[PDB]
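Right, I'll just put the structure down here and ask away after.
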Amino acid sequence: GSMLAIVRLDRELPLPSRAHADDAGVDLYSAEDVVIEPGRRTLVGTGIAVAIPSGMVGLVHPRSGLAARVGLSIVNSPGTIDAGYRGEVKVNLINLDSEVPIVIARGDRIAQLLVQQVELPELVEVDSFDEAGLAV
Amino acid sequence: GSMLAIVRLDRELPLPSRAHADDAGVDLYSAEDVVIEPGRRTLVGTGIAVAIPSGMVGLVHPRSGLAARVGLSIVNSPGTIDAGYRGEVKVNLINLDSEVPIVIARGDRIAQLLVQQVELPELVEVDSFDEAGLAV
Amino acid sequence: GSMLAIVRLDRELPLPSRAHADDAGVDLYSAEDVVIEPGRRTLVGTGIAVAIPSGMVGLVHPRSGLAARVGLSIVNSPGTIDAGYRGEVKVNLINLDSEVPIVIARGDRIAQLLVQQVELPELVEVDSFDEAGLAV
Ligand SMILES: [Cl-]
Ligand SMILES: [Cl-]
Ligand SMILES: [Cl-]
């Protein structure tokens with residue numbers, strides 16, 4: 001198997017973990033108590049940092065279920081975390097409901113983190129796609 | 001090549017299929033007739049279930065083209081389907097238009113399914129990233 | 001390493017490039033000057049085309065930072081680009097702010113392009129998941 005190094009910047013939150021072996025995502029928690037009014041957005045810290053491996057990407061998705069059903073989502077979904085980035089993971093949350101505010105308590109699940117391989121091609125300009133080495 | 005097992009829970013819908021060999025996504029259909037009013041959302045069944053392989057993830061994306069141009073999207077995009085999950089695939093659809101309802105007929109394309117490899121690291125807490133085995 | 005062929009359909013825009021070696025995404029630019037009013041959407045050309053390799057997918061994501069903080073996103077995020085598709089990459093942008101228009105100048109960063117491997121299974125119908133060859 002493999003590992004992902006994680007720092008709890010906020011030591012009072014629980015350590016994120018993969019609940020079941022097959023689960024693509026790991027839930028991340030809110031470091032903040034906030035109320036997001038209808039149609040509004042706010043950047044919320046998760047209180048963790050990660051060391052995504054070289055050649056991979058971290059992907060931050062909204063969650064399904066009750067959270068989605070109340071209209072919680074992420075403005076820039078999917079959020080990306082580069083191997084470079086070892087700062088706090090912060091999530092740009094939006095309330096897509098038109099009438100009902102979303103109350104978020106500190107410790108509440110607000111997003112999930114996936115990890116995948118990523119290709120890192122150098123972009124090479126061509127004048128047209130009539131070049132050797134391209135898909136037919 | 002490879003295969004993905006699919007169950008038609010709703011036997012009266014057509015079987016989803018990859019239209020062209022290179023297509024990343026396979027279109028999924030609505031099992032329901034519904035009208036989504038401006039700014040509203042609703043959870044809609046696709047009438048299918050899939051068996052995502054161990055070590056992979058299913059990813060449910062909104063479609064481009066006319067659907068996107070009328071403002072159809074998915075609240076929690078991208079939706080994820082774990083190797084665990086063999087229930088019906090349901091899509092949390094939202095109408096992002098401010099004035100015009102979106103009419104969806106049973107059998108209409110409402111999302112696309114991609115399949116990718118996924119990494120499944122165990123999350124290991126560290127006090128800081130000054131540890132052996134990490135990207136430089 | 002690897003390469004991705006890119007055509008500048010609009011020769012007056014700068015060539016997109018991976019800013020740092022570990023960056024998952026490459027920023028794409030607007031070929032257009034446009035103002036997106038609150039809650040409105042518009043399809044904007046990037047002035048480039050790409051040749052995604054066989055067996056891979058291009059993924060077009062919204063960007064984090066100031067763009068996300070003003071409410072810029074993509075209706076059908078993540079946008080997908082197939083190995084088939086060698087036309088101009090166009091982005092369905094939406095202003096998720098309720099009050100403040102988003103001004104986009106020609107040359108402004110409006111999205112990022114990731115490249116990943118993708119699985120291309122043939123979908124095979126089964127009557128139930130009680131079949132050989134499936135995850136336990
Ligand atoms: Cl490059
Ligand atoms: Cl874990
Ligand atoms: Cl197929």
Side-chain angles (χ1 to χ4, degrees), chain A residues 20-22 37-43 51-62 71 73-87 89-96 98 114-135, chain C residues 1-9 15-26 38-39 48-59 61-65 67-74 77-78 82-84 86 94 96-99 111-118 135:
Chain A
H20 316 283
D22 290 287
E37 293 291 323
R40 304 300 187 176
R41 61 189 181 282
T42 193
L43 186 66
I52 296 294
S54 189
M56 299 189 195
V57 61
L59 292 160
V60 180
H61 293 193
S73 186
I74 295 172
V75 170
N76 59 313
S77 187
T80 59
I81 304 163
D82 294 322
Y85 181 73
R86 282 175 189 178
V89 174
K90 302 189 188 150
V91 182
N92 279 277
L93 294 175
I94 180 170
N95 179 358
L96 298 168
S98 64
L114 286 74
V115 180
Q116 289 183 318
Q117 300 291 339
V118 71
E119 295 285 315
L120 297 166
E122 179 185 330
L123 276 57
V124 177
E125 186 172 13
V126 295
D127 292 314
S128 80
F129 296 119
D130 306 298
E131 299 279 348
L134 296 185
Chain C
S2 62
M3 297 174 281
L4 177 67
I6 179 156
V7 171
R8 280 195 285 184
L9 297 169
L15 186 64
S17 63
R18 194 180 313 287
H20 316 283
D22 290 287
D23 285 354
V26 170
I48 61 102
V50 296
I52 296 294
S54 189
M56 299 189 195
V57 61
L59 292 160
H61 293 193
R63 292 173 63 260
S64 69
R69 309 287 302 271
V70 304
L72 190 67
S73 186
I74 295 172
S77 187
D82 294 322
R86 282 175 189 178
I94 180 170
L96 298 168
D97 198 81
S98 64
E99 294 172 51
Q112 59 182 323
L113 173 67
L114 286 74
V115 180
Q116 289 183 318
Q117 300 291 339
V118 71

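For the numbers below, each heavy atom of this structure counts, side chains included, while hydrogens, waters and symmetry mates do not. Residue numbers begin at 1 in each chain, while the letters A, B, ... track the order of the sequences.
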(message) Is C/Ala67 in contact with chain A via its backbone, its side chain, both, or neither, using a 4.5 Å heavy-atom distance?
(response) neither
(message) For the interface with chain C, which of A/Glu119, A/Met56, A/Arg40, A/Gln116 has the highest count of heavy-atom pairs at distances below 4.5 Å?
(response)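 The option with the most such pairs is A/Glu119.
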(request) Between chain A and each of C/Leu72, C/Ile74, C/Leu113, C/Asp97, count heavy-atom pairs under 4.5 Å; write down the option with the most. (result) C/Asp97
(message) Report which part of A/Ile94 has an atom under 4.5 Å of a heavy atom belonging to chain C: side chain, backbone, both, or neither.
(response)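 Only the side chain of A/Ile94 comes within 4.5 Å of chain C.
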(request) Give, as side chain, backbone, both or neither, the part of A/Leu120 having an atom under 4.5 angstrom from any heavy atom of chain C. (result) both
(message) Does C/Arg18 have more than 12 heavy atoms from other residues, nucleotides or ligands lying within 6.0 Å of its CZ?
(response) yes
(message) Could you report the tightest heavy-atom contact between C/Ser64 and A/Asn76, atom names first, then the distance?
(response)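 Heavy atoms of C/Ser64 and A/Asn76 come nearest at CB-ND2, 3.6 Å.
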(request) Let me know if A/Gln117 has heavy atoms under 4.5 Å from chain C in its side chain, its backbone, both or neither. (result) backbone
(message) Tell me the closest heavy-atom pair linking C/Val50 and A/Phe129, and the distance in Å.
(response)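 Between these two residues, the closest heavy atoms are C-CZ, 3.6 Å.
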(request) Among C/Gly55, C/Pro53, C/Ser17, C/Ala49, single out the residue with the greatest number of heavy-atom pairs under 4.5 Å to chain A. (result) C/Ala49
(message) On a heavy-atom basis, which atom in A/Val60 and which in A/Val91 lie closest, and how many Å separate them?
(response)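 A/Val60 and A/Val91 have their closest heavy atoms at CG1-CG2, 4.3 Å.
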(request) For C/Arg8 and A/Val126, indicate whether the former's side chain and the latter's backbone hold a donor-acceptor pair under 3.5 Å. (result)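 Not at all, since once roles are kept as given, no pair shorter than 3.5 Å links the two residues.
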(request) Specify which of C/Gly1, C/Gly39, C/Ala5, C/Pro16 makes the most heavy-atom pairs with chain A at under 4.5 Å. (result)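 Heavy-atom pair counts peak at C/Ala5.
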(request) Measure across C/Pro62 and A/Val75 and return the closest heavy-atom pair with its distance rounded to 0.1 Å. (result)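 The pair with the smallest heavy-atom distance is CG-O, 4.5 Å.
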(request) Check whether C/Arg63 gets within reach of chain A through its side chain, its backbone, both or neither, counting any heavy atom under 4.5 Å. (result)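 When you check distances to chain A, only backbone atoms of C/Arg63 fall under 4.5 Å.
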(request) Counting only heavy atoms closer than 4.5 Å, note whether C/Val115 contacts chain A via side chain, backbone, both or neither. (result) both
(message) Going by side chain to side chain contact (heavy atoms under 4.5 Å, CB included), name the residues that satisfy it together with A/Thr80, two or more places apart in sequence or in a different chain.
(response) A/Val57, A/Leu59, C/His61, C/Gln112, C/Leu114
